[PDB]
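Engineer: work-v3.cif (mmCIF, C-alpha atoms and all ligand atoms) pasted underneath:
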data_run
#
loop_
_atom_site.group_PDB
_atom_site.id
_atom_site.type_symbol
_atom_site.label_atom_id
_atom_site.label_comp_id
_atom_site.auth_asym_id
_atom_site.auth_seq_id
_atom_site.Cartn_x
_atom_site.Cartn_y
_atom_site.Cartn_z
ATOM 1 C CA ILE A 1 10.031 -12.783 -21.947
ATOM 2 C CA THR A 2 10.379 -11.380 -25.462
ATOM 3 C CA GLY A 3 7.043 -11.289 -27.272
ATOM 4 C CA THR A 4 4.204 -8.992 -28.277
ATOM 5 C CA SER A 5 2.006 -6.946 -25.968
ATOM 6 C CA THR A 6 -1.511 -8.312 -25.730
ATOM 7 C CA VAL A 7 -4.651 -7.749 -23.654
ATOM 8 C CA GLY A 8 -6.361 -10.566 -21.761
ATOM 9 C CA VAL A 9 -9.498 -10.741 -19.649
ATOM 10 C CA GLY A 10 -10.161 -12.402 -16.340
ATOM 11 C CA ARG A 11 -11.789 -12.367 -12.944
ATOM 12 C CA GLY A 12 -10.229 -11.176 -9.673
ATOM 13 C CA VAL A 13 -10.533 -12.510 -6.111
ATOM 14 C CA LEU A 14 -13.836 -10.656 -5.561
ATOM 15 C CA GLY A 15 -15.249 -12.026 -8.834
ATOM 16 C CA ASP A 16 -14.955 -8.766 -10.767
ATOM 17 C CA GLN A 17 -14.054 -8.852 -14.465
ATOM 18 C CA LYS A 18 -11.103 -6.785 -15.701
ATOM 19 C CA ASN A 19 -8.742 -6.531 -18.665
ATOM 20 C CA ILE A 20 -5.055 -7.213 -18.038
ATOM 21 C CA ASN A 21 -1.983 -6.404 -20.094
ATOM 22 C CA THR A 22 -0.194 -9.581 -21.085
ATOM 23 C CA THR A 23 2.626 -10.701 -23.391
ATOM 24 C CA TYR A 24 2.335 -13.381 -26.045
ATOM 25 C CA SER A 25 5.113 -15.804 -27.004
ATOM 26 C CA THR A 26 3.749 -19.343 -27.304
ATOM 27 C CA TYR A 27 1.833 -18.724 -24.060
ATOM 28 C CA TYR A 28 0.176 -15.562 -22.799
ATOM 29 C CA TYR A 29 2.210 -14.274 -19.836
ATOM 30 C CA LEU A 30 1.231 -11.949 -17.031
ATOM 31 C CA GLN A 31 3.751 -9.354 -18.277
ATOM 32 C CA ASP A 32 2.483 -5.813 -18.783
ATOM 33 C CA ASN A 33 4.876 -3.948 -21.088
ATOM 34 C CA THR A 34 2.828 -0.709 -21.015
ATOM 35 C CA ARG A 35 4.148 0.453 -17.637
ATOM 36 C CA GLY A 36 7.800 1.331 -17.161
ATOM 37 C CA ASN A 37 10.148 -1.635 -17.572
ATOM 38 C CA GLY A 38 7.169 -3.917 -17.085
ATOM 39 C CA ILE A 39 4.960 -5.507 -14.450
ATOM 40 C CA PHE A 40 5.578 -9.255 -14.032
ATOM 41 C CA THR A 41 3.420 -11.643 -12.047
ATOM 42 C CA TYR A 42 4.576 -15.098 -10.932
ATOM 43 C CA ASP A 43 3.113 -18.372 -9.663
ATOM 44 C CA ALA A 44 4.762 -19.555 -6.410
ATOM 45 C CA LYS A 45 2.728 -22.814 -6.647
ATOM 46 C CA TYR A 46 2.133 -23.029 -2.879
ATOM 47 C CA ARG A 47 5.916 -23.042 -2.193
ATOM 48 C CA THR A 48 8.083 -20.450 -0.456
ATOM 49 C CA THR A 49 10.666 -20.348 -3.232
ATOM 50 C CA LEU A 50 10.663 -17.000 -5.015
ATOM 51 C CA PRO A 51 9.719 -15.679 -7.445
ATOM 52 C CA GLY A 52 8.354 -18.945 -8.846
ATOM 53 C CA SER A 53 7.445 -19.088 -12.521
ATOM 54 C CA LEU A 54 6.313 -16.209 -14.696
ATOM 55 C CA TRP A 55 2.563 -16.728 -15.006
ATOM 56 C CA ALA A 56 1.683 -18.493 -18.288
ATOM 57 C CA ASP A 57 -1.785 -19.080 -19.675
ATOM 58 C CA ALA A 58 -2.806 -20.886 -22.889
ATOM 59 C CA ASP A 59 -5.669 -18.662 -24.079
ATOM 60 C CA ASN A 60 -5.320 -15.211 -22.462
ATOM 61 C CA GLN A 61 -8.507 -15.812 -20.433
ATOM 62 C CA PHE A 62 -8.034 -15.775 -16.660
ATOM 63 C CA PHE A 63 -11.321 -16.981 -15.164
ATOM 64 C CA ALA A 64 -10.160 -20.018 -13.165
ATOM 65 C CA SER A 65 -10.312 -19.731 -9.383
ATOM 66 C CA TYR A 66 -6.544 -20.484 -9.347
ATOM 67 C CA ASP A 67 -6.109 -17.443 -11.651
ATOM 68 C CA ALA A 68 -7.889 -14.876 -9.456
ATOM 69 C CA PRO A 69 -5.026 -13.882 -7.040
ATOM 70 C CA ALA A 70 -2.726 -13.427 -10.073
ATOM 71 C CA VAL A 71 -5.222 -11.309 -11.980
ATOM 72 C CA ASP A 72 -5.540 -8.908 -9.014
ATOM 73 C CA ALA A 73 -1.822 -8.768 -8.076
ATOM 74 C CA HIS A 74 -1.113 -7.917 -11.714
ATOM 75 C CA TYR A 75 -3.973 -5.478 -12.231
ATOM 76 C CA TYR A 76 -3.588 -3.630 -8.912
ATOM 77 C CA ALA A 77 0.180 -3.324 -9.374
ATOM 78 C CA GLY A 78 -0.810 -1.490 -12.593
ATOM 79 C CA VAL A 79 -3.217 0.825 -10.784
ATOM 80 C CA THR A 80 -0.579 1.611 -8.148
ATOM 81 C CA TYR A 81 1.995 2.361 -10.841
ATOM 82 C CA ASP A 82 -0.496 4.723 -12.471
ATOM 83 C CA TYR A 83 -1.199 6.481 -9.180
ATOM 84 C CA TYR A 84 2.459 7.255 -8.533
ATOM 85 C CA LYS A 85 3.113 8.309 -12.120
ATOM 86 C CA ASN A 86 -0.006 10.445 -12.667
ATOM 87 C CA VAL A 87 -0.286 11.891 -9.185
ATOM 88 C CA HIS A 88 3.344 12.253 -8.006
ATOM 89 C CA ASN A 89 5.226 12.088 -11.307
ATOM 90 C CA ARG A 90 7.087 9.063 -9.927
ATOM 91 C CA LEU A 91 8.061 6.312 -12.391
ATOM 92 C CA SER A 92 7.805 3.003 -10.508
ATOM 93 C CA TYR A 93 9.200 2.494 -7.004
ATOM 94 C CA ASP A 94 12.770 3.603 -7.786
ATOM 95 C CA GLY A 95 11.643 6.600 -9.872
ATOM 96 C CA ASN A 96 13.419 5.026 -12.849
ATOM 97 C CA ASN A 97 10.714 2.627 -14.096
ATOM 98 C CA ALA A 98 12.119 -0.432 -12.264
ATOM 99 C CA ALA A 99 10.320 -3.669 -13.198
ATOM 100 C CA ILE A 100 7.624 -4.585 -10.672
ATOM 101 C CA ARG A 101 7.484 -8.251 -9.699
ATOM 102 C CA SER A 102 4.793 -10.048 -7.651
ATOM 103 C CA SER A 103 4.343 -13.685 -6.677
ATOM 104 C CA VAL A 104 0.991 -15.221 -5.673
ATOM 105 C CA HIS A 105 0.025 -18.573 -4.144
ATOM 106 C CA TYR A 106 2.886 -18.116 -1.706
ATOM 107 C CA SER A 107 3.013 -21.074 0.704
ATOM 108 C CA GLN A 108 -0.085 -22.887 2.000
ATOM 109 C CA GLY A 109 -2.948 -21.022 3.679
ATOM 110 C CA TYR A 110 -0.593 -18.080 4.298
ATOM 111 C CA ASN A 111 -2.349 -15.181 6.066
ATOM 112 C CA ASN A 112 -0.148 -12.337 4.913
ATOM 113 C CA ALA A 113 1.594 -10.483 2.107
ATOM 114 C CA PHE A 114 4.810 -8.501 2.010
ATOM 115 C CA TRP A 115 7.471 -6.585 0.117
ATOM 116 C CA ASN A 116 10.713 -8.568 0.532
ATOM 117 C CA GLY A 117 13.260 -6.009 -0.681
ATOM 118 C CA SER A 118 12.930 -7.197 -4.307
ATOM 119 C CA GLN A 119 9.250 -8.001 -4.986
ATOM 120 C CA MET A 120 5.718 -8.297 -3.618
ATOM 121 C CA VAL A 121 4.554 -11.647 -2.239
ATOM 122 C CA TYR A 122 0.913 -12.726 -1.513
ATOM 123 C CA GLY A 123 -0.535 -15.616 0.429
ATOM 124 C CA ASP A 124 -3.908 -17.138 -0.367
ATOM 125 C CA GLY A 125 -5.040 -16.826 3.260
ATOM 126 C CA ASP A 126 -6.582 -19.793 5.061
ATOM 127 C CA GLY A 127 -10.129 -18.907 3.930
ATOM 128 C CA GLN A 128 -11.082 -17.900 7.477
ATOM 129 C CA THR A 129 -8.789 -15.052 8.497
ATOM 130 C CA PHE A 130 -8.105 -14.050 4.874
ATOM 131 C CA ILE A 131 -8.960 -14.780 1.282
ATOM 132 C CA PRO A 132 -6.140 -14.309 -1.250
ATOM 133 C CA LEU A 133 -4.591 -11.046 -0.186
ATOM 134 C CA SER A 134 -3.931 -9.478 -3.599
ATOM 135 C CA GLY A 135 -7.740 -9.123 -3.743
ATOM 136 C CA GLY A 136 -7.280 -5.911 -1.722
ATOM 137 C CA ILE A 137 -6.190 -2.874 -3.721
ATOM 138 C CA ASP A 138 -5.054 -1.191 -0.489
ATOM 139 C CA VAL A 139 -3.029 -4.302 0.360
ATOM 140 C CA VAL A 140 -1.222 -4.294 -3.010
ATOM 141 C CA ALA A 141 -0.555 -0.571 -2.843
ATOM 142 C CA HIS A 142 0.554 -0.910 0.805
ATOM 143 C CA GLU A 143 3.146 -3.481 -0.198
ATOM 144 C CA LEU A 144 4.363 -1.612 -3.329
ATOM 145 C CA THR A 145 4.647 1.509 -1.182
ATOM 146 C CA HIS A 146 7.221 -0.293 1.017
ATOM 147 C CA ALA A 147 9.353 -0.402 -2.141
ATOM 148 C CA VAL A 148 8.980 3.378 -2.616
ATOM 149 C CA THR A 149 10.006 3.878 0.997
ATOM 150 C CA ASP A 150 13.019 1.550 0.595
ATOM 151 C CA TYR A 151 14.312 3.739 -2.223
ATOM 152 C CA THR A 152 13.666 7.085 -0.537
ATOM 153 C CA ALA A 153 13.511 7.592 3.261
ATOM 154 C CA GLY A 154 14.793 4.053 3.961
ATOM 155 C CA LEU A 155 12.902 4.025 7.277
ATOM 156 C CA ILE A 156 14.279 1.214 9.436
ATOM 157 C CA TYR A 157 11.627 -1.385 10.188
ATOM 158 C CA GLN A 158 11.694 -1.068 13.966
ATOM 159 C CA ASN A 159 10.164 1.086 16.698
ATOM 160 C CA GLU A 160 9.074 4.603 15.699
ATOM 161 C CA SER A 161 10.798 4.660 12.284
ATOM 162 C CA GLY A 162 9.142 1.304 11.498
ATOM 163 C CA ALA A 163 5.738 2.581 12.587
ATOM 164 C CA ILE A 164 6.154 5.517 10.210
ATOM 165 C CA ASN A 165 7.193 3.053 7.504
ATOM 166 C CA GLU A 166 3.978 1.117 8.110
ATOM 167 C CA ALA A 167 1.767 4.224 8.285
ATOM 168 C CA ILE A 168 3.225 5.481 5.007
ATOM 169 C CA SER A 169 2.157 2.202 3.375
ATOM 170 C CA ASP A 170 -1.377 2.449 4.845
ATOM 171 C CA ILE A 171 -1.635 6.109 3.825
ATOM 172 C CA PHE A 172 -0.715 5.500 0.197
ATOM 173 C CA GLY A 173 -2.524 2.148 0.065
ATOM 174 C CA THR A 174 -5.633 4.126 0.979
ATOM 175 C CA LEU A 175 -4.920 7.002 -1.426
ATOM 176 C CA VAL A 176 -4.528 4.411 -4.193
ATOM 177 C CA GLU A 177 -7.855 2.835 -3.194
ATOM 178 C CA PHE A 178 -9.431 6.289 -3.499
ATOM 179 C CA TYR A 179 -7.687 6.852 -6.850
ATOM 180 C CA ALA A 180 -9.221 3.670 -8.284
ATOM 181 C CA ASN A 181 -12.522 4.837 -6.790
ATOM 182 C CA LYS A 182 -13.890 1.382 -6.078
ATOM 183 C CA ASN A 183 -15.617 1.246 -2.686
ATOM 184 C CA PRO A 184 -12.914 3.455 -1.129
ATOM 185 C CA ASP A 185 -12.570 3.960 2.638
ATOM 186 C CA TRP A 186 -10.091 4.683 5.416
ATOM 187 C CA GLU A 187 -9.905 1.034 6.543
ATOM 188 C CA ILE A 188 -7.115 -1.405 5.638
ATOM 189 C CA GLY A 189 -7.674 -4.877 4.160
ATOM 190 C CA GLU A 190 -11.469 -4.937 4.420
ATOM 191 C CA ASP A 191 -11.865 -6.597 0.986
ATOM 192 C CA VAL A 192 -9.847 -9.696 1.936
ATOM 193 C CA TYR A 193 -10.105 -9.907 5.754
ATOM 194 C CA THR A 194 -12.484 -12.412 7.426
ATOM 195 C CA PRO A 195 -14.845 -13.583 4.664
ATOM 196 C CA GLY A 196 -17.194 -14.716 7.464
ATOM 197 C CA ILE A 197 -17.492 -11.297 9.142
ATOM 198 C CA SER A 198 -19.001 -8.256 7.388
ATOM 199 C CA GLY A 199 -17.914 -4.710 8.146
ATOM 200 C CA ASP A 200 -14.525 -5.296 9.788
ATOM 201 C CA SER A 201 -10.918 -4.800 8.645
ATOM 202 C CA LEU A 202 -7.314 -5.291 9.694
ATOM 203 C CA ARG A 203 -6.748 -1.670 10.733
ATOM 204 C CA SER A 204 -8.683 1.612 10.762
ATOM 205 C CA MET A 205 -7.115 4.979 9.976
ATOM 206 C CA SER A 206 -10.240 6.886 10.987
ATOM 207 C CA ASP A 207 -10.439 5.110 14.350
ATOM 208 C CA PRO A 208 -7.303 2.986 15.026
ATOM 209 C CA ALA A 209 -8.656 1.974 18.464
ATOM 210 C CA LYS A 210 -11.515 0.105 16.758
ATOM 211 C CA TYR A 211 -8.953 -2.695 16.197
ATOM 212 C CA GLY A 212 -6.779 -2.270 19.291
ATOM 213 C CA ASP A 213 -4.331 0.311 17.896
ATOM 214 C CA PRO A 214 -3.334 3.560 19.642
ATOM 215 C CA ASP A 215 -4.677 6.878 18.363
ATOM 216 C CA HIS A 216 -2.548 9.024 20.671
ATOM 217 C CA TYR A 217 1.156 9.088 21.528
ATOM 218 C CA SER A 218 0.339 8.563 25.221
ATOM 219 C CA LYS A 219 -1.065 5.131 24.324
ATOM 220 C CA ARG A 220 1.943 4.026 22.279
ATOM 221 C CA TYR A 221 3.205 0.455 22.566
ATOM 222 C CA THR A 222 6.642 0.322 24.197
ATOM 223 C CA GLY A 223 7.432 -3.433 24.170
ATOM 224 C CA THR A 224 9.337 -5.650 21.741
ATOM 225 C CA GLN A 225 6.571 -7.534 19.891
ATOM 226 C CA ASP A 226 5.919 -6.709 16.226
ATOM 227 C CA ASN A 227 9.373 -5.119 15.840
ATOM 228 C CA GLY A 228 8.497 -2.605 18.558
ATOM 229 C CA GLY A 229 4.852 -2.314 17.453
ATOM 230 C CA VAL A 230 5.331 -1.230 13.856
ATOM 231 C CA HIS A 231 1.731 -2.237 12.905
ATOM 232 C CA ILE A 232 0.425 -0.990 16.248
ATOM 233 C CA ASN A 233 1.969 2.468 16.706
ATOM 234 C CA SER A 234 1.232 3.157 13.025
ATOM 235 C CA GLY A 235 -2.286 3.952 14.300
ATOM 236 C CA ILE A 236 -0.957 7.206 15.744
ATOM 237 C CA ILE A 237 0.350 8.368 12.364
ATOM 238 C CA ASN A 238 -2.611 6.944 10.457
ATOM 239 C CA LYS A 239 -4.899 8.969 12.721
ATOM 240 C CA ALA A 240 -2.881 12.123 12.099
ATOM 241 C CA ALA A 241 -3.036 11.565 8.309
ATOM 242 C CA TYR A 242 -6.762 10.882 8.480
ATOM 243 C CA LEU A 243 -7.214 14.166 10.415
ATOM 244 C CA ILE A 244 -5.096 16.212 8.009
ATOM 245 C CA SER A 245 -7.318 14.994 5.145
ATOM 246 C CA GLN A 246 -10.757 14.761 6.748
ATOM 247 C CA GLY A 247 -10.498 17.092 9.746
ATOM 248 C CA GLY A 248 -12.381 16.596 12.983
ATOM 249 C CA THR A 249 -11.980 16.721 16.732
ATOM 250 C CA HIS A 250 -9.789 14.258 18.576
ATOM 251 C CA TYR A 251 -8.922 14.383 22.299
ATOM 252 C CA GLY A 252 -10.355 17.918 22.372
ATOM 253 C CA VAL A 253 -8.144 19.198 19.557
ATOM 254 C CA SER A 254 -9.829 20.494 16.384
ATOM 255 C CA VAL A 255 -8.345 19.914 12.924
ATOM 256 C CA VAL A 256 -9.403 21.691 9.714
ATOM 257 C CA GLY A 257 -9.236 19.041 6.968
ATOM 258 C CA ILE A 258 -7.496 19.915 3.700
ATOM 259 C CA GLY A 259 -8.489 16.864 1.618
ATOM 260 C CA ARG A 260 -6.849 13.678 0.339
ATOM 261 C CA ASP A 261 -4.959 15.217 -2.557
ATOM 262 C CA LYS A 262 -3.127 17.661 -0.300
ATOM 263 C CA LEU A 263 -2.501 14.944 2.313
ATOM 264 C CA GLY A 264 -0.895 12.926 -0.491
ATOM 265 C CA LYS A 265 1.279 15.820 -1.695
ATOM 266 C CA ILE A 266 2.528 16.672 1.789
ATOM 267 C CA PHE A 267 3.326 13.075 2.768
ATOM 268 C CA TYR A 268 4.901 12.249 -0.582
ATOM 269 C CA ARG A 269 7.189 15.273 -0.241
ATOM 270 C CA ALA A 270 7.958 14.366 3.378
ATOM 271 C CA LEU A 271 8.814 10.797 2.401
ATOM 272 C CA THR A 272 10.989 11.707 -0.594
ATOM 273 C CA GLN A 273 12.621 14.924 0.655
ATOM 274 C CA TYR A 274 12.821 14.983 4.479
ATOM 275 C CA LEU A 275 12.492 11.601 6.216
ATOM 276 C CA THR A 276 15.601 9.515 6.954
ATOM 277 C CA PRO A 277 16.147 5.858 7.974
ATOM 278 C CA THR A 278 16.001 6.787 11.678
ATOM 279 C CA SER A 279 13.242 9.467 11.671
ATOM 280 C CA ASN A 280 11.005 9.354 14.775
ATOM 281 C CA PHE A 281 7.427 10.625 15.232
ATOM 282 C CA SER A 282 8.655 14.062 16.242
ATOM 283 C CA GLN A 283 10.827 14.227 13.144
ATOM 284 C CA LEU A 284 7.899 13.110 10.936
ATOM 285 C CA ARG A 285 5.851 16.034 12.288
ATOM 286 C CA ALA A 286 8.681 18.435 11.351
ATOM 287 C CA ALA A 287 9.123 16.804 7.949
ATOM 288 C CA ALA A 288 5.390 17.189 7.257
ATOM 289 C CA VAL A 289 5.360 20.802 8.508
ATOM 290 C CA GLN A 290 8.302 21.663 6.247
ATOM 291 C CA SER A 291 6.726 19.857 3.285
ATOM 292 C CA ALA A 292 3.449 21.733 3.712
ATOM 293 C CA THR A 293 5.494 24.943 4.044
ATOM 294 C CA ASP A 294 7.304 24.309 0.736
ATOM 295 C CA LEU A 295 4.023 23.559 -1.034
ATOM 296 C CA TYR A 296 1.573 26.075 0.405
ATOM 297 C CA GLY A 297 3.586 28.606 2.436
ATOM 298 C CA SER A 298 4.338 28.914 6.155
ATOM 299 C CA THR A 299 1.223 30.972 6.973
ATOM 300 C CA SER A 300 -1.019 28.567 5.032
ATOM 301 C CA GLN A 301 -4.044 26.626 6.273
ATOM 302 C CA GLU A 302 -2.277 23.456 5.149
ATOM 303 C CA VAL A 303 0.640 24.047 7.529
ATOM 304 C CA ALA A 304 -1.764 24.968 10.360
ATOM 305 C CA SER A 305 -3.758 21.762 9.822
ATOM 306 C CA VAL A 306 -0.668 19.546 9.876
ATOM 307 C CA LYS A 307 0.314 21.079 13.220
ATOM 308 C CA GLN A 308 -3.200 20.611 14.648
ATOM 309 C CA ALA A 309 -3.323 16.988 13.426
ATOM 310 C CA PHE A 310 -0.044 16.131 15.132
ATOM 311 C CA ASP A 311 -1.188 18.039 18.236
ATOM 312 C CA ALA A 312 -4.363 15.914 18.325
ATOM 313 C CA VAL A 313 -2.370 12.671 18.454
ATOM 314 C CA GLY A 314 0.074 14.072 21.034
ATOM 315 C CA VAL A 315 3.112 14.327 18.730
ATOM 316 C CA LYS A 316 5.209 17.486 19.153
HETATM 317 CA CA CA A 401 -6.816 -19.470 -19.439
HETATM 318 CA CA CA A 402 -12.669 -0.383 0.334
HETATM 319 CA CA CA A 403 -9.495 0.076 2.368
HETATM 320 CA CA CA A 404 -14.447 -9.384 6.974
HETATM 321 ZN ZN ZN A 405 3.548 -3.125 5.686
#
The structure given in the file should be rewritten as structure tokens.

Structural biologist:
Amino acid sequence: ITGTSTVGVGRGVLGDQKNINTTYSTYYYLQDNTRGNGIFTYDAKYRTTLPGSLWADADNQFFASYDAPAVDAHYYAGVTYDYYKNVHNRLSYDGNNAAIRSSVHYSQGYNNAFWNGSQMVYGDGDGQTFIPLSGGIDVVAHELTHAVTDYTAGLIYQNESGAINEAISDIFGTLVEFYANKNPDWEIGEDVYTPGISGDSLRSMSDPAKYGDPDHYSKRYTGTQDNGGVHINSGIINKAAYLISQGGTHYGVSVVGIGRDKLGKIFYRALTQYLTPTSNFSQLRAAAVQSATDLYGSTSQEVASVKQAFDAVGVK
């Protein structure tokens, strides 16, 4: 909508208070004009029609329980935008400040969230498996990252290319969580997964096998479920990324860690410069090796560590 930029205040899914950029014109809308061509958050009203209605509020205070998923979808989209801009010099998901749209209250008791090719979409969860999913900064960044991938590598969402697609979203979802520096970790979805169980998460990058996911190519899923295991076989790439950053020993192979920032630079360059729609694990290794070579030189520690990380997870 056309209006004036304003600043509201509210509470997120975890009950934390934060300021949000809004737009005033009769109502206060969840429309942040300070980032690119804007960040727009919508109410899906428990339906599956999209996007729903642009979120409107009478007083620019967002403290109702119904408000919480919207506050976080809006705020964390902002944080993700800032990460890509400040860290990778990327302006929104298309690199040309494309408007970012999210809908919350998607369907009834919906235990998921997704990027649909045009926007992010968040369920409220059923209160057992999930609470509203936009409450997870890694979840929001994971979904927005699918948009980045769509506009760059275009990794097909099936088999190995789909597993890379998924891992890329977990990698940058995590790097965004670290960027915001609020209880950061190498787990995925811990803030919104199973309100009844402490200490768990949907996936682990540090130890994928903790939640049933492979951490070595020899243990890769070869069947047809989950689009050829896109959220399963991502564990192999997540483990490699974790190793590149943090180092360690894994199946008797030692990796010298080079830190998160360098992990981010290498994978961002791989994604935007080398990967293709049909890239497999082997091609990701090469893309990452070449990226690290461009950035730090072929004889560098960074290149050596990428090679050791892929060695450790059995990807040549
Ligand atoms: Ca209000
Ligand atoms: Ca966390
Ligand atoms: Ca996390
Ligand atoms: Ca839990
Ligand atoms: Zn995903």

Engineer: Report the residues retrieved by the PyMOL selection byres (((chain A and resi 156) around 12) and not hetatm) from the displayed file, expressed as a list in words.

Structural biologist: residues 146, 149, 150, 151, 152, 153, 154, 155, 157, 158, 159, 160, 161, 162, 163, 164, 165, 166, 227, 228, 230, 275, 276, 277, 278, 279 and 280 of chain A

Engineer: Counting only C-alpha atoms, which of A:233, A:128, A:119, A:314 gets nearest to residue A:197?

Structural biologist: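 Closest to residue A:197 of all the choices is A:128.
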
Engineer: Could you give me the residues within 12 Å of ligand CA 403 (chain A), counting only C-alpha atoms and all ligand atoms, as a PyMOL selection string?

Structural biologist: chain A and resi 135-142+169-193+199-206

Engineer: Which one of A:271, A:148, A:312, A:4 sits closest to residue A:284 if you count all atoms listed in the file?

Structural biologist: A:271

Engineer: Just checking: using only C-alpha atoms, which residue out of A:91, A:7, A:50, A:39 ends up closest to residue A:62?

Structural biologist: A:7

Engineer: In Å, how far is it from atom CA of residue A:285 to atom CA of residue A:315?

Structural biologist: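 Computing the Euclidean distance for atom CA of residue A:285 and atom CA of residue A:315 yields 7.2 Å.
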
Engineer: Evaluating the PyMOL selection byres (((not hetatm)) within 10 of (chain A and resi 401)) on the displayed file yields which residues, as a PyMOL selection string?

Structural biologist: chain A and resi 8-10+27-28+56-64+67

Engineer: Rank A:87, A:244, A:168, A:209 by their smallest atom-to-atom distance to ligand ZN 405 (chain A), using only C-alpha atoms and all ligand atoms, and report the top residue only.

Structural biologist: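 The closest residue to ligand ZN 405 (chain A) is A:168.
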
Engineer: Between atom CA of residue A:311 and atom CA of residue A:295, measure the distance and give it in Å to one decimal.

Structural biologist: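 Atom CA of residue A:311 sits 20.7 Å away from atom CA of residue A:295.
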
Engineer: Need a file for stretch 273-293 of chain A from that block: C-alpha atoms, written as an mmCIF file, in the first residue's frame.

Structural biologist:
data_model
loop_
_atom_site.group_PDB
_atom_site.id
_atom_site.type_symbol
_atom_site.label_atom_id
_atom_site.label_comp_id
_atom_site.auth_asym_id
_atom_site.auth_seq_id
_atom_site.Cartn_x
_atom_site.Cartn_y
_atom_site.Cartn_z
ATOM 1 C CA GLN A 273 28.898 -18.912 -9.619
ATOM 2 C CA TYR A 274 29.335 -22.686 -10.095
ATOM 3 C CA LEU A 275 26.304 -24.836 -9.224
ATOM 4 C CA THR A 276 23.718 -25.677 -11.901
ATOM 5 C CA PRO A 277 20.162 -27.108 -11.781
ATOM 6 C CA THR A 278 21.502 -30.674 -12.083
ATOM 7 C CA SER A 279 24.674 -30.469 -9.917
ATOM 8 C CA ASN A 280 25.365 -33.665 -7.925
ATOM 9 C CA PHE A 281 27.386 -34.129 -4.712
ATOM 10 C CA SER A 282 30.587 -34.654 -6.665
ATOM 11 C CA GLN A 283 29.961 -31.462 -8.604
ATOM 12 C CA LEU A 284 29.234 -29.545 -5.365
ATOM 13 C CA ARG A 285 32.647 -30.625 -4.038
ATOM 14 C CA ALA A 286 34.297 -29.271 -7.214
ATOM 15 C CA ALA A 287 32.246 -26.076 -7.084
ATOM 16 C CA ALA A 288 33.311 -25.517 -3.463
ATOM 17 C CA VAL A 289 36.968 -26.318 -4.238
ATOM 18 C CA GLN A 290 36.953 -23.835 -7.126
ATOM 19 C CA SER A 291 35.195 -21.192 -5.019
ATOM 20 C CA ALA A 292 37.739 -21.539 -2.217
ATOM 21 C CA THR A 293 40.477 -21.382 -4.877
#
